[PDB]
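Top line first, the protein sequences correspond to chains Z and D. Position 1, counted from 1, in the first sequence is what our numbering calls 844; the numbers after and before it change by one each time, with no gaps. Position 4, counted from 1, in the second sequence is what our numbering calls 286; the numbers after and before it change by one each time, with no gaps. In what follows, a structure is listed as structure tokens, so that the remarks can point back to it.
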Amino acid sequence: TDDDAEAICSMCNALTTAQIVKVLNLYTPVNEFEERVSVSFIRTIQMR
Amino acid sequence: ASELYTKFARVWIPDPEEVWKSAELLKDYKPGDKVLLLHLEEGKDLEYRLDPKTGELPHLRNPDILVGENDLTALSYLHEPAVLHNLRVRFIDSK
């Protein structure tokens, strides 16, 4: 959720946006339940 | 094999607009069956007809947990639409 996205943006102050967008882009679901990151979430992170 | 094809499976139908389109398998698979019920990605159930003489059952879509892996050979059901889907995901979804 983007409501969590804003909190992540607030807390991830030390790391620059480049590493943040990269790590979100390259995230992998190790187990079945986990799902890939939405492109809309990426856009929200980038714009915020 | 017949064991692989079950209910709520995913297979790739060759199509003109998209070379291979994913499709659900609502109907249970029947060995030597001429036609099967398949749910289209559009949402409209399609009674796609199989060729029992020469045609083969469509390639099984690999589980999405395997999608996004770096190695193309890492996919279980290894075939052209699987590779196409994986590379499309990596180029677009994974940038």
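We treat Cβ as the ideally placed atom computed from N, Cα and C, and that holds for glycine.
D:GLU323 is a Cβ neighbour of D:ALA305, given a cutoff of 8 Å.
If you ignore the 5 residues before and after D:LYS289, its C-beta comes within less than 6 Å of the C-beta of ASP310, all in its own chain and listed in chain order. In the three-state reduction of the DSSP assignment, Z:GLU849 falls in the helix class, which pools H, G and I. Where Z:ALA861 is concerned, the enclosing alpha helix (DSSP H) starts and stops at 860-868. In chain order, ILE347 make up the part of chain D whose C-beta sits under 7 Å from the C-beta of Z:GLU875. Contacts with chain Z at 8 Å (Cβ-Cβ) include D:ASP375. Here the alpha carbons of D:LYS335 and Z:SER881 stand approximately 43 Å from one another. CA-to-CA, the gap between D:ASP375 and Z:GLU878 works out to about 12 Å. Between D:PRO340 and D:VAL301, the C-beta spacing is not below 8 Å. D:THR355 and D:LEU348 have their alpha carbons spaced roughly 10 Å apart.
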